[PDB]
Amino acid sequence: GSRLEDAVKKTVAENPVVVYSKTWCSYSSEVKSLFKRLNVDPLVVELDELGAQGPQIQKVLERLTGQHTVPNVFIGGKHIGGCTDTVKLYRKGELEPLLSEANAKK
C-alpha cells in the first residue's frame, strides 16, 4: 500500500506527462488526443488493462489527488486533473509553459 503509493509518486516524477487512463473512457481518449496534437507522448497507464492492480492504483490516486475519475493527468510531477481540467489550462495559456517546464519530449 505504501509501496504502491511510492510507485505512483515515482512514476509521475519519472515522466514529464502521465495519464492514468481506461481504454474505453472517452474523456481519456480525448486528453490523449490533445497531447498528440501538442506533440507530446505521455506515459499512459491503462488501469483497465492491469487487472487486480487497477483498483488498487485508483485507491492511491484518490488519496493523492482527491479525484476518482479517469483520465488522471500529471505534468512535471504535479496533479493536473482530468480532461476538462487539462483543456482549461490549455485555453488559459498555461498548459504549454507547464509542458516545456516539465521537459515534455517530442
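Quick note: we count residues from 1 along the sequence shown, nothing fancier.
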(request) Please work out which of 29-37 and 72-80 has the higher mean CA B-factor as recorded in the PDB entry. (result) 29-37
(request) Read off the CA B-factors in the entry, average them over 92-100 and over 19-27, and name the higher stretch. (result) 92-100
(request) Rank-wise, by C-alpha B-factor, drop residue 65 into the lowest, middle or highest third of its chain. (result) lowest
(request) State the tercile, meaning the lowest, middle or highest third, of residue 50 with respect to the CA B-factors recorded for its chain. (result) highest
